[PDB]
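Chemist: Shown below is the structure under consideration.
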Amino acid sequence: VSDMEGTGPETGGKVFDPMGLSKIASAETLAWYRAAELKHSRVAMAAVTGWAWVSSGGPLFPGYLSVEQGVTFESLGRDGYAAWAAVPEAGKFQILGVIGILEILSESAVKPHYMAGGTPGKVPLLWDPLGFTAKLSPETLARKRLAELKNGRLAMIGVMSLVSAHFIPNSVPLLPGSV
Amino acid sequence: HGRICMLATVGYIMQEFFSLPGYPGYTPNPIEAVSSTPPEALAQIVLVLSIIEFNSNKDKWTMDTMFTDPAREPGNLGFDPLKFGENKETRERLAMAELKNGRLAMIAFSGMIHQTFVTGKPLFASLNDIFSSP
Amino acid sequence: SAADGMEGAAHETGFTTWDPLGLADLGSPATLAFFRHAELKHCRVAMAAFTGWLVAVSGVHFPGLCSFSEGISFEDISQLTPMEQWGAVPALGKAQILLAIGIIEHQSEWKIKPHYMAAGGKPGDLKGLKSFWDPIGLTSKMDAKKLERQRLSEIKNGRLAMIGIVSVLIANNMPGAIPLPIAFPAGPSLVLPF
Amino acid sequence: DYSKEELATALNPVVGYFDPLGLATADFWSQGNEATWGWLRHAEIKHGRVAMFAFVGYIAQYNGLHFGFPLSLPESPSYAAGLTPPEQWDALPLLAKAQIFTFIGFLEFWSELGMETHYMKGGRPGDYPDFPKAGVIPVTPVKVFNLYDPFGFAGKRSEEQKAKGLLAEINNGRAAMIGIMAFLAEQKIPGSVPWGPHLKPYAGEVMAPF
Amino acid sequence: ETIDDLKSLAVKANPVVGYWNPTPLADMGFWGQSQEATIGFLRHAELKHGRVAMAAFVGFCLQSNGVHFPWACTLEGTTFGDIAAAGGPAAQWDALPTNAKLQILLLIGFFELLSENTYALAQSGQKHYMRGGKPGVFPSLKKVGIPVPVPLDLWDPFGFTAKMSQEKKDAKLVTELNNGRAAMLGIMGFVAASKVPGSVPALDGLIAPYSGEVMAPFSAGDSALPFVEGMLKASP
Ligand SMILES: CCCCCC(=O)OC\C(C=C=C1C(C)(C)C[C@H](OC(C)=O)C[C@@]1(C)O)=C/C=C/C(C)=C/C=C/C=C(C)/C=C/C=C(\C)C(=O)C[C@@]12O[C@]1(C)C[C@@H](O)CC2(C)C
Ligand SMILES: CC(=O)O[C@H]1CC(C)(C)C(=C=C/C(C)=C/C=C/C(C)=C/C=C/C=C(C)/C=C/C=C(\C)C(=O)C[C@@]23O[C@]2(C)C[C@@H](O)CC3(C)C)[C@](C)(O)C1
Ligand SMILES: CC(=O)O[C@H]1CC(C)(C)C(=C=C/C(C)=C/C=C/C(C)=C/C=C/C=C(C)/C=C/C=C(\C)C(=O)C[C@@]23O[C@]2(C)C[C@@H](O)CC3(C)C)[C@](C)(O)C1
Ligand code: KC2
Ligand code: KC2
Ligand SMILES: CC1=C(C#C/C(C)=C/C=C/C(C)=C/C=C/C=C(C)/C=C/C=C(C)/C=C/[C@@]23O[C@]2(C)C[C@@H](O)CC3(C)C)C(C)(C)C[C@H](O)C1
């Protein structure tokens, strides 16, 4: 655990594992933890950015989510859980199915699997299509991996803050009462 | 028998669901569908299979007549277009698999036939009726 | 597996042969060559089938009459659903379409003497039937590298196209299969010849 | 004959060789790249020549330029007024258009026949042969004046001055092709050539002769 | 041009700030091309953006006041005064005639074609910018050899920077880069003031408002062109 990334100056330049969860972890278990942490970081970053953009009165998509069923993006609600509920069930089904095909492809198509001697939480299938970090130096890439992990953990905290604000009426101090 | 019945089981299960488009005398119950269908269809099928058997076992229709030549192997009627048998490593696997699947298919076809006799409904309809509510 | 030197390993399966059930290990290199040739034929036929299906759905049709004896026209055939068009074609028209396809198949088996199953087969290779594939020499400008890239693109597009034609032909008959709610055209998923 | 890049550089240095379809490197009918390149060059030259001819004819006859001959004795149907040039061709009697096509067919047939071997088989693209000597065609008691230089104003020029004319012919032919298609597109589809002329709204498939 | 050359240019431009490049664009390989190709593309893009904004800032300033031409466009009669009275400069543009817009755009396309043509650039004496050439170069419209000659070139119409010294010309290219950056910010400020009111604090209440999409070259009046009426309706 002491050789992995994620540690920063903000915890003594040291590991943060108060409850010993890394001491019962082999190399494969640590790889699984890192893969789960990174995927949660990715999902939470996308989720919190989308929730903030939607519920902060940001721009919405132009027209009809379903031209036949009659659902405009404006009429969806501009509220996270309500908008997700108002999305058609077919739309949710195909979003989840596309994500599932991507997950199966990720598991079956990234050789040296992350649990068999591969990099945890890397997807060569979905990263830098254009050119962005295919030419960066191996120290700036590590720095940006550390940044990814950091603000991804922050995104986890933020998205669960939004969820708690929605369910618990006013649980977050500086968030509205109708999340 | 194994080859015939492992064709027959697939035919039995898929005749309940699928039909030739607009084929006369279809019935999901294949037992009734035999009588329902035109006799000429079954006559042509039996004629084609008679031609196949005759040409494949020319002068070898009997215990004494067949297997006179030492190279003749049981079941090796020369039917292997895709040439799976040229790979000798998997030949034992495929032979054992043919034998076991043919045996299971003989038993299975007997099961489907007699279950349809018992119930009067096609195979998966009877299966649903078994695995339905009390 | 035996399907290691064979082209077809993609970007979406790592860069390793995708044979989960190990069928390439089954049988002979002749059997694997048959599998490759069947794959490419299904690929090509599926691309043609999806393009024709889009043509039928769009309603674009040739100007004229299919048969002056029966009086059936391209417009009257276009009125039906895409799969019902085949039933609407004249019987002799279907017969001679199948005759042309059968002649092409027979020449592919015959005139390409180093056979796909045989040694040195080149299973995807149907060029040799002169002026059949690429009559305009469009592939002549390319080199070996671009030709390999375009062969891989053929394989990918064709696999996707056969999945697509199965999807569109099974969507309406099997509702809820393809999640996108749109009025897929009616008609049977399978039709007989003649 | 001319290499493709050499010909393209001579025609237009800014463009040079341009062939996204790669038809210059094609093999039509399995006849070989040289033969097929000759075919393509001769097709380009023929299309250009026909386009120049038809463009001068279009500008001439769209301004009601009817010949002084009465043509048809009952009435020249296409010399009537209120007629776009495509409608004039349509209004011509079927025998007239038939005879025109048989004449053009004789010209094409003799073009293909009289060759060194052929424009495909190592022959100069676009070279219309000299009509035969005398009497070697049915009838022809006197001679047939050559379709190229009937009065023999071709020995006037020198070899390089003929190569220059050939390149100018190809470029002008490309421009004339574009011009005729602009005219016809403007006729059928109004405003398709917004910066070109405003022609009458003729509505007929030009690709139907009869 | 290497990153060392980019740094030297940045130092010459702004001695205090210097080379600022938070982006990776100078490091990526654009379209699978090389470092030199990517840097040439970015530098020529910067120079063209600069130049166009420098030209268009003056255009916006003059047309908004009203310095419209005294003559008249389309023969039926809608003078440049009428186009000016249509509104502010974006309103003037989207009120222009369809053919006028298309002629302007396709002349610009012709100039871009000649600018990226190997033959014209080679005749003027320079290579393509992504293939080891000086960014910002526009070839002579004389040496290209149009069948009918052209009197004057685009750059150096009358040779005002004729002779000079190349060290001087590079020093003035530094001026070009800085002025272009400032002009791009200025025109985007003008257009932002036109559309989003109060977006540019200094120019609030000084720039005429606007509602059309500045990123839409053709208007509803130009719906005759294909796929334009639907696109106007589909504007964000
Ligand atoms: C935008 C497209 C531009 C490309 C196309 C183009 O420009 O089209 C232009 C175009 C039409 C048009 C348009 C306009 C309306 C005018 C303008 C608009 O333009 C815009 C908007 O931009 C639209 C456009 C282009 O549509 C048409 C062009 C037609 C063309 C080019 C027609 C050539 C006939 C030559 C003949 C008959 C010569 C016989 C010559 C003969 C018989 C000889 O004696 C040969 C000779 O060798 C001999 C034997 C001996 C030698 O001693 C030398 C000579 C020479 C004596
Ligand atoms: C997710 C969901 O719910 O739904 C999704 C998924 C689902 C259900 C699967 C769906 C579907 C159907 C799909 C995706 C169908 C895909 C069909 C596909 C992919 C069809 C390819 C045809 C290619 C042809 C005909 C190419 C010929 C090309 C030829 C003959 C060439 O000459 C090529 C050429 O290179 C040469 C050789 C030489 C060059 O010199 C010139 C060019 C370049 C021209 C949906 C409903 O649509 C959407
Ligand atoms: C909002 C707030 O609170 O604050 C601010 C922010 C905000 C909005 C950004 C503002 C703004 C706008 C700004 C700053 C706009 C900047 C505009 C800028 C900087 C525009 C340059 C054009 C240069 C040209 C056209 C030169 C051509 C020159 C050429 C082609 C020559 O002839 C020169 C020449 O020497 C050569 C090269 C060769 C020599 O032989 C001689 C000659 C003469 C031939 C405001 C208004 O400040 C308010
Ligand atoms: C990332 C996920 C994703 C992908 C990759 C993806 C791809 C494709 C492709 C190409 C491969 C096609 C051809 C296609 C077509 C349609 N999509 Mg789909 N789509 C995704 C997501 C959603 C969502 C969220 C919705 C949706 C819908 C529709 C409708 C319905 C129109 C209507 O009924 O008016 C049609 C025709 C909406 C829906 O079904 O609403 C009931 C809807 O809400 N899609 N979609
Ligand atoms: C593989 C493609 C193909 C080829 C290469 C091909 C070649 C030739 C040749 C030259 C060798 C001749 C001389 C010829 C003649 C006729 N073809 Mg034919 N044909 C092809 C396809 C179809 C289809 C799809 C149809 C069709 C038909 C007719 C009829 C109408 C008869 C009528 O009035 O009934 C006549 C006279 C229609 C038909 O059979 O209608 C019952 C019809 O639908 N063909 N066809
Ligand atoms: C060994 C082997 C293999 C095997 C095997 C397997 C799986 C074999 C399985 C055989 C199996 C499964 C054999 C069932 C027989 C059932 C019978 C006879 C039922 C009679 C039922 C009767 C007579 C019912 C009568 C009644 O209903 C009537 C008519 C009316 C009611 O009033 C009264 C009752 C209910 C009594 C492999 C693996 C395939 C290959 C390998 O190489 C070799």
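Residues in the structure tokens are numbered from 1 in each chain, the chains being A, B, ... in the order shown, and ligands are numbered from 1 in the order shown.
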Please provide the set of residues having any atom within 10 Å of residue 35 (chain D), restricted to only C-alpha atoms, with same-chain residues fewer than 4 positions apart removed, written as a list in words.
Modeler: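 Residues meeting the cut-off are residues 26, 27, 28, 29, 30, 31, 39, 40, 41, 118, 119, 120, 121, 122 and 123 of chain D.
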Chemist: Report as a list in words which protein, DNA and RNA residues come within 9 Å of ligand 4, using only C-alpha atoms and all ligand atoms.
Modeler: residues 64, 65, 66, 67, 68, 69, 70, 71, 87, 88, 89, 90, 91, 92, 93, 94, 95, 96, 97, 98 and 99 of chain A; 179, 180, 181 and 182 of chain C
Chemist: So which residues of region 150-189 of chain C fall under helix (DSSP H, G or I) by DSSP, listed as a ChimeraX atom specification?
Modeler: /C:150-171
Chemist: Please provide as a list in words all residues within 12 Å of residue 114 (chain B), with the sequence filter that same-chain residues fewer than 4 positions apart are discarded (counting only C-alpha atoms).
Modeler: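 What passes the distance filter is residues 29, 30, 31, 107, 108, 109, 110, 118, 119, 120, 121, 122, 123 and 126 of chain B.
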Chemist: Keeping C-alpha atoms for every residue in the selection just given, could you write it to a file as a PDB file, in the first residue's frame?
Modeler:
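Generated file (out.pdb):
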ATOM      1  CA  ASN B  29     -48.138 -30.566 -31.173  1.00  0.00           C
ATOM      2  CA  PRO B  30     -45.920 -32.468 -33.665  1.00  0.00           C
ATOM      3  CA  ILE B  31     -47.866 -35.704 -33.121  1.00  0.00           C
ATOM      4  CA  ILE B 107     -33.422 -40.440 -24.511  1.00  0.00           C
ATOM      5  CA  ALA B 108     -34.541 -36.820 -24.844  1.00  0.00           C
ATOM      6  CA  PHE B 109     -36.619 -37.442 -27.974  1.00  0.00           C
ATOM      7  CA  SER B 110     -38.335 -40.336 -26.231  1.00  0.00           C
ATOM      8  CA  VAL B 118     -49.323 -37.708 -21.884  1.00  0.00           C
ATOM      9  CA  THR B 119     -50.345 -34.059 -21.988  1.00  0.00           C
ATOM     10  CA  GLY B 120     -51.782 -33.449 -25.464  1.00  0.00           C
ATOM     11  CA  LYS B 121     -49.965 -30.074 -25.543  1.00  0.00           C
ATOM     12  CA  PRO B 122     -46.559 -29.274 -27.074  1.00  0.00           C
ATOM     13  CA  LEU B 123     -43.316 -29.617 -25.142  1.00  0.00           C
ATOM     14  CA  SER B 126     -46.534 -28.778 -20.985  1.00  0.00           C
TER      15      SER B 126
END
Chemist: Could you give me, as a list in words, every polymer residue with an atom at most 6 Å away from an atom of ligand 3, counting only C-alpha atoms and all ligand atoms?
Modeler: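 Counting only what the definition allows, namely only C-alpha atoms and all ligand atoms, the set is residues 54, 55, 160, 161, 179, 182, 183, 185, 186, 189, 200, 201 and 202 of chain E.
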Chemist: Please indicate the distance in Å from CA of residue 72 (chain C) to CA of residue 90 (chain C), rounded to one decimal place.
Modeler: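 Answer for the CA of residue 72 (chain C) to CA of residue 90 (chain C) separation: 7.8 Å.
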Chemist: I'd like the contact shell of region 55-66 of chain B - 9 Å cut-off, only C-alpha atoms, skipping same-chain residues fewer than 5 positions apart - returned as a count of residues only.
Modeler: 4
Chemist: For residue 155 (chain C), find every residue with an atom within 7 Å (counting only C-alpha atoms), except residues of its own chain fewer than 6 positions away, and show them as a list in words.
Modeler: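 Near neighbours after the sequence-gap exclusion: residues 8, 40 and 43 of chain C.
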Chemist: Could you tell me, counting only C-alpha atoms and all ligand atoms, which protein and nucleic acid residues lie no more than 9 Å from ligand 6, written as a count of residues only?
Modeler: 19
Chemist: Please return as an mmCIF file with N, CA and C atoms, in the first residue's frame the residues found within 8 Å of ligand 2, counting only C-alpha atoms and all ligand atoms.
Modeler:
data_model
loop_
_atom_site.group_PDB
_atom_site.id
_atom_site.type_symbol
_atom_site.label_atom_id
_atom_site.label_comp_id
_atom_site.auth_asym_id
_atom_site.auth_seq_id
_atom_site.Cartn_x
_atom_site.Cartn_y
_atom_site.Cartn_z
ATOM 1 N N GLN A 94 -31.303 1.736 -22.093
ATOM 2 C CA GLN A 94 -30.213 1.732 -23.065
ATOM 3 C C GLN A 94 -28.965 2.433 -22.538
ATOM 4 N N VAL A 98 -25.636 0.205 -22.472
ATOM 5 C CA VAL A 98 -24.395 0.666 -23.082
ATOM 6 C C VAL A 98 -23.273 0.652 -22.054
ATOM 7 N N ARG C 44 -20.118 -9.700 -45.637
ATOM 8 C CA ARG C 44 -20.440 -8.998 -46.876
ATOM 9 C C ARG C 44 -21.938 -9.026 -47.155
ATOM 10 N N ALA C 46 -24.251 -9.323 -44.991
ATOM 11 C CA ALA C 46 -24.936 -8.504 -44.000
ATOM 12 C C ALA C 46 -24.833 -7.023 -44.332
ATOM 13 N N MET C 47 -23.675 -6.575 -44.826
ATOM 14 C CA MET C 47 -23.575 -5.186 -45.270
ATOM 15 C C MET C 47 -24.569 -4.921 -46.393
ATOM 16 N N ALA C 48 -24.608 -5.821 -47.380
ATOM 17 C CA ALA C 48 -25.555 -5.664 -48.478
ATOM 18 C C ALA C 48 -26.992 -5.710 -47.974
ATOM 19 N N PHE C 50 -28.189 -4.901 -44.945
ATOM 20 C CA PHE C 50 -28.575 -3.692 -44.229
ATOM 21 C C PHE C 50 -28.748 -2.518 -45.181
ATOM 22 N N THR C 51 -27.893 -2.411 -46.202
ATOM 23 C CA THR C 51 -28.085 -1.344 -47.179
ATOM 24 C C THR C 51 -29.406 -1.517 -47.923
ATOM 25 N N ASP C 134 -14.218 -5.088 -57.082
ATOM 26 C CA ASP C 134 -13.574 -3.834 -57.449
ATOM 27 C C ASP C 134 -13.405 -3.763 -58.963
ATOM 28 N N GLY C 137 -11.155 -0.599 -59.971
ATOM 29 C CA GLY C 137 -9.769 -0.465 -59.564
ATOM 30 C C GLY C 137 -9.553 0.496 -58.418
ATOM 31 N N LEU C 138 -10.579 0.719 -57.591
ATOM 32 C CA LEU C 138 -10.442 1.653 -56.479
ATOM 33 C C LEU C 138 -9.397 1.184 -55.476
ATOM 34 N N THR C 139 -9.284 -0.127 -55.263
ATOM 35 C CA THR C 139 -8.289 -0.667 -54.346
ATOM 36 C C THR C 139 -6.888 -0.704 -54.940
ATOM 37 N N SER C 140 -6.737 -0.433 -56.239
ATOM 38 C CA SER C 140 -5.419 -0.498 -56.858
ATOM 39 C C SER C 140 -4.486 0.581 -56.321
ATOM 40 N N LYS C 141 -5.022 1.758 -55.990
ATOM 41 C CA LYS C 141 -4.174 2.847 -55.514
ATOM 42 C C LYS C 141 -3.529 2.525 -54.171
ATOM 43 N N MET C 142 -4.151 1.665 -53.369
ATOM 44 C CA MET C 142 -3.663 1.396 -52.027
ATOM 45 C C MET C 142 -2.474 0.438 -52.055
ATOM 46 N N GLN C 150 -7.938 -1.758 -44.462
ATOM 47 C CA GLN C 150 -9.268 -1.819 -45.054
ATOM 48 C C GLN C 150 -9.881 -3.205 -44.900
ATOM 49 N N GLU C 154 -13.328 -3.915 -43.122
ATOM 50 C CA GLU C 154 -14.341 -4.800 -43.690
ATOM 51 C C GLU C 154 -14.857 -5.764 -42.639
ATOM 52 N N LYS C 156 -14.710 -5.662 -39.325
ATOM 53 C CA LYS C 156 -15.439 -4.990 -38.252
ATOM 54 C C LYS C 156 -16.826 -4.561 -38.713
ATOM 55 N N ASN C 157 -16.889 -3.861 -39.850
ATOM 56 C CA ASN C 157 -18.162 -3.378 -40.369
ATOM 57 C C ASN C 157 -19.110 -4.531 -40.638
ATOM 58 N N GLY C 158 -18.589 -5.655 -41.124
ATOM 59 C CA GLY C 158 -19.453 -6.768 -41.460
ATOM 60 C C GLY C 158 -19.993 -7.485 -40.240
ATOM 61 N N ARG C 159 -19.155 -7.669 -39.216
ATOM 62 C CA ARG C 159 -19.653 -8.247 -37.972
ATOM 63 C C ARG C 159 -20.735 -7.358 -37.369
ATOM 64 N N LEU C 160 -20.471 -6.047 -37.327
ATOM 65 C CA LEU C 160 -21.469 -5.107 -36.831
ATOM 66 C C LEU C 160 -22.724 -5.141 -37.691
ATOM 67 N N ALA C 161 -22.562 -5.318 -39.003
ATOM 68 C CA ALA C 161 -23.702 -5.279 -39.908
ATOM 69 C C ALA C 161 -24.580 -6.507 -39.747
ATOM 70 N N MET C 162 -23.980 -7.673 -39.508
ATOM 71 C CA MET C 162 -24.803 -8.857 -39.293
ATOM 72 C C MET C 162 -25.532 -8.774 -37.959
ATOM 73 N N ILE C 163 -24.868 -8.252 -36.921
ATOM 74 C CA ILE C 163 -25.596 -7.984 -35.679
ATOM 75 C C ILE C 163 -26.739 -7.009 -35.940
ATOM 76 N N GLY C 164 -26.490 -5.982 -36.752
ATOM 77 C CA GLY C 164 -27.511 -4.981 -37.008
ATOM 78 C C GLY C 164 -28.701 -5.514 -37.783
ATOM 79 N N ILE C 165 -28.450 -6.313 -38.821
ATOM 80 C CA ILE C 165 -29.557 -6.828 -39.618
ATOM 81 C C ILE C 165 -30.372 -7.818 -38.795
ATOM 82 N N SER C 167 -30.725 -7.573 -35.601
ATOM 83 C CA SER C 167 -31.438 -6.728 -34.649
ATOM 84 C C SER C 167 -32.684 -6.111 -35.273
ATOM 85 N N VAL C 168 -32.544 -5.510 -36.455
ATOM 86 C CA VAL C 168 -33.684 -4.828 -37.063
ATOM 87 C C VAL C 168 -34.738 -5.835 -37.511
ATOM 88 N N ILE C 178 -34.715 -4.757 -28.914
ATOM 89 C CA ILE C 178 -33.915 -3.551 -29.105
ATOM 90 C C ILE C 178 -34.606 -2.424 -28.339
ATOM 91 N N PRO C 179 -33.938 -1.764 -27.382
ATOM 92 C CA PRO C 179 -34.677 -0.854 -26.490
ATOM 93 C C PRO C 179 -35.219 0.386 -27.173
ATOM 94 N N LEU C 180 -34.647 0.807 -28.302
ATOM 95 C CA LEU C 180 -35.043 2.076 -28.903
ATOM 96 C C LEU C 180 -36.498 1.987 -29.354
ATOM 97 N N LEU D 21 -10.466 9.225 -56.349
ATOM 98 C CA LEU D 21 -10.997 7.905 -56.662
ATOM 99 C C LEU D 21 -9.919 6.932 -57.116
ATOM 100 N N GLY D 22 -8.760 7.428 -57.536
ATOM 101 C CA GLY D 22 -7.706 6.557 -58.022
ATOM 102 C C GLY D 22 -8.063 5.813 -59.290
#
Chemist: To check your reading of the model: which residues sit at most 12 Å from ligand 5 when counting only C-alpha atoms and all ligand atoms? Write the answer as a PyMOL selection string.
Modeler: chain C and resi 62+64-74+77+85-104+194
Chemist: Since we have the selection now, will you write its residues out, keeping N, CA, C and O atoms, as a compact mmCIF listing (two decimals), in the first residue's frame?
Modeler:
# COMPACT_ATOMS: atom_id res chain seq x y z
N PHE C 62 -36.17 1.57 -58.01
CA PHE C 62 -35.83 1.77 -59.41
C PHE C 62 -37.06 2.27 -60.18
O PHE C 62 -38.19 1.92 -59.84
N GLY C 64 -39.50 1.92 -63.10
CA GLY C 64 -39.92 0.98 -64.12
C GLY C 64 -40.83 -0.08 -63.53
O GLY C 64 -41.40 0.10 -62.45
N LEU C 65 -40.95 -1.18 -64.26
CA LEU C 65 -41.77 -2.32 -63.88
C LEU C 65 -40.89 -3.55 -63.72
O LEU C 65 -40.04 -3.83 -64.57
N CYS C 66 -41.09 -4.28 -62.62
CA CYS C 66 -40.33 -5.52 -62.43
C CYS C 66 -40.68 -6.55 -63.49
O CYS C 66 -39.79 -7.21 -64.03
N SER C 67 -41.97 -6.70 -63.80
CA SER C 67 -42.42 -7.68 -64.78
C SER C 67 -43.64 -7.13 -65.50
O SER C 67 -44.65 -6.82 -64.87
N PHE C 68 -43.55 -7.03 -66.83
CA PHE C 68 -44.68 -6.54 -67.62
C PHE C 68 -45.80 -7.57 -67.75
O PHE C 68 -46.91 -7.19 -68.13
N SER C 69 -45.53 -8.84 -67.46
CA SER C 69 -46.58 -9.85 -67.54
C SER C 69 -47.51 -9.79 -66.34
O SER C 69 -48.74 -9.67 -66.49
N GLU C 70 -46.96 -9.86 -65.13
CA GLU C 70 -47.76 -9.74 -63.92
C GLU C 70 -48.14 -8.30 -63.60
O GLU C 70 -49.07 -8.08 -62.81
N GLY C 71 -47.46 -7.32 -64.19
CA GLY C 71 -47.77 -5.93 -63.94
C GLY C 71 -47.24 -5.38 -62.63
O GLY C 71 -47.53 -4.22 -62.31
N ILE C 72 -46.48 -6.16 -61.87
CA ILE C 72 -45.94 -5.68 -60.61
C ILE C 72 -44.83 -4.68 -60.89
O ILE C 72 -44.00 -4.88 -61.78
N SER C 73 -44.83 -3.58 -60.14
CA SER C 73 -43.85 -2.52 -60.29
C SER C 73 -43.05 -2.33 -59.01
O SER C 73 -43.44 -2.77 -57.92
N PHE C 74 -41.91 -1.66 -59.17
CA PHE C 74 -41.06 -1.34 -58.03
C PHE C 74 -41.82 -0.53 -56.99
O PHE C 74 -41.61 -0.71 -55.79
N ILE C 77 -44.08 -2.93 -55.01
CA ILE C 77 -43.27 -3.70 -54.07
C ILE C 77 -42.82 -2.80 -52.92
O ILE C 77 -42.73 -3.24 -51.76
N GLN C 85 -41.25 -7.46 -49.29
CA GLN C 85 -40.86 -7.17 -50.67
C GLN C 85 -40.41 -8.44 -51.38
O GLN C 85 -40.74 -8.65 -52.55
N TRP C 86 -39.66 -9.30 -50.69
CA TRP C 86 -39.21 -10.55 -51.30
C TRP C 86 -40.39 -11.43 -51.70
O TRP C 86 -40.39 -12.00 -52.79
N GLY C 87 -41.40 -11.53 -50.84
CA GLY C 87 -42.61 -12.23 -51.23
C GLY C 87 -43.30 -11.57 -52.41
O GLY C 87 -43.92 -12.26 -53.24
N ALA C 88 -43.20 -10.25 -52.51
CA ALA C 88 -43.82 -9.52 -53.61
C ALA C 88 -43.06 -9.62 -54.93
O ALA C 88 -43.65 -9.32 -55.97
N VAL C 89 -41.79 -10.01 -54.91
CA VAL C 89 -41.01 -10.11 -56.15
C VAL C 89 -41.62 -11.22 -57.00
O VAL C 89 -42.17 -12.17 -56.45
N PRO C 90 -41.56 -11.14 -58.34
CA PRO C 90 -42.02 -12.28 -59.15
C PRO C 90 -41.20 -13.53 -58.90
O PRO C 90 -40.01 -13.48 -58.57
N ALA C 91 -41.86 -14.68 -59.07
CA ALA C 91 -41.21 -15.96 -58.79
C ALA C 91 -40.02 -16.21 -59.70
O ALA C 91 -38.95 -16.63 -59.24
N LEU C 92 -40.18 -15.95 -61.00
CA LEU C 92 -39.05 -16.11 -61.91
C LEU C 92 -37.94 -15.11 -61.61
O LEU C 92 -36.76 -15.42 -61.79
N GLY C 93 -38.30 -13.91 -61.17
CA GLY C 93 -37.29 -12.95 -60.76
C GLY C 93 -36.46 -13.46 -59.60
O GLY C 93 -35.22 -13.37 -59.61
N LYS C 94 -37.12 -14.01 -58.58
CA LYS C 94 -36.39 -14.63 -57.48
C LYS C 94 -35.54 -15.79 -57.97
O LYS C 94 -34.40 -15.97 -57.52
N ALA C 95 -36.08 -16.59 -58.89
CA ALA C 95 -35.36 -17.74 -59.40
C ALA C 95 -34.06 -17.32 -60.08
O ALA C 95 -33.00 -17.90 -59.84
N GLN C 96 -34.12 -16.28 -60.91
CA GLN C 96 -32.91 -15.88 -61.62
C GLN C 96 -31.97 -15.06 -60.75
O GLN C 96 -30.75 -15.09 -60.97
N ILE C 97 -32.47 -14.36 -59.72
CA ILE C 97 -31.57 -13.76 -58.74
C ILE C 97 -30.78 -14.85 -58.03
O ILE C 97 -29.55 -14.76 -57.89
N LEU C 98 -31.48 -15.89 -57.57
CA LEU C 98 -30.79 -17.00 -56.92
C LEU C 98 -29.87 -17.72 -57.90
O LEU C 98 -28.83 -18.24 -57.49
N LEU C 99 -30.23 -17.76 -59.18
CA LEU C 99 -29.35 -18.36 -60.18
C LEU C 99 -28.05 -17.57 -60.32
O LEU C 99 -26.97 -18.15 -60.40
N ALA C 100 -28.15 -16.24 -60.36
CA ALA C 100 -26.94 -15.42 -60.44
C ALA C 100 -26.07 -15.61 -59.20
O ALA C 100 -24.85 -15.78 -59.31
N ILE C 101 -26.69 -15.61 -58.02
CA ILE C 101 -25.93 -15.80 -56.79
C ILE C 101 -25.29 -17.18 -56.76
O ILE C 101 -24.13 -17.33 -56.35
N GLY C 102 -26.02 -18.20 -57.20
CA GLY C 102 -25.46 -19.54 -57.24
C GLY C 102 -24.32 -19.67 -58.22
O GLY C 102 -23.35 -20.37 -57.96
N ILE C 103 -24.44 -19.01 -59.38
CA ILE C 103 -23.35 -19.04 -60.35
C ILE C 103 -22.11 -18.37 -59.78
O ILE C 103 -20.99 -18.86 -59.95
N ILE C 104 -22.30 -17.25 -59.08
CA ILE C 104 -21.16 -16.57 -58.46
C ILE C 104 -20.52 -17.48 -57.41
O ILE C 104 -19.29 -17.58 -57.33
N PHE C 194 -38.84 -18.43 -52.85
CA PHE C 194 -40.01 -18.79 -53.65
C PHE C 194 -41.20 -19.09 -52.75
O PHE C 194 -41.66 -18.23 -52.00
Chemist: Which distance in Å separates CA of residue 151 (chain D) and CA of residue 49 (chain D), to one decimal?
Modeler: 19.3 Å
Chemist: Define the interface residues of chain E facing chain D as those within 7 Å, counting only C-alpha atoms, and report them as a list in words.
Modeler: residues 117, 119 and 120 of chain E
Chemist: If you keep C-alpha atoms, can you produce a file of those selected residues as a short mmCIF file (atom, residue, chain, number, x, y, z; two decimals), in the first residue's frame?
Modeler:
data_model
loop_
_atom_site.label_atom_id
_atom_site.label_comp_id
_atom_site.auth_asym_id
_atom_site.auth_seq_id
_atom_site.Cartn_x
_atom_site.Cartn_y
_atom_site.Cartn_z
CA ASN E 117 -1.24 25.15 -51.86
CA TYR E 119 2.87 25.40 -55.60
CA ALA E 120 1.93 28.97 -54.68
#
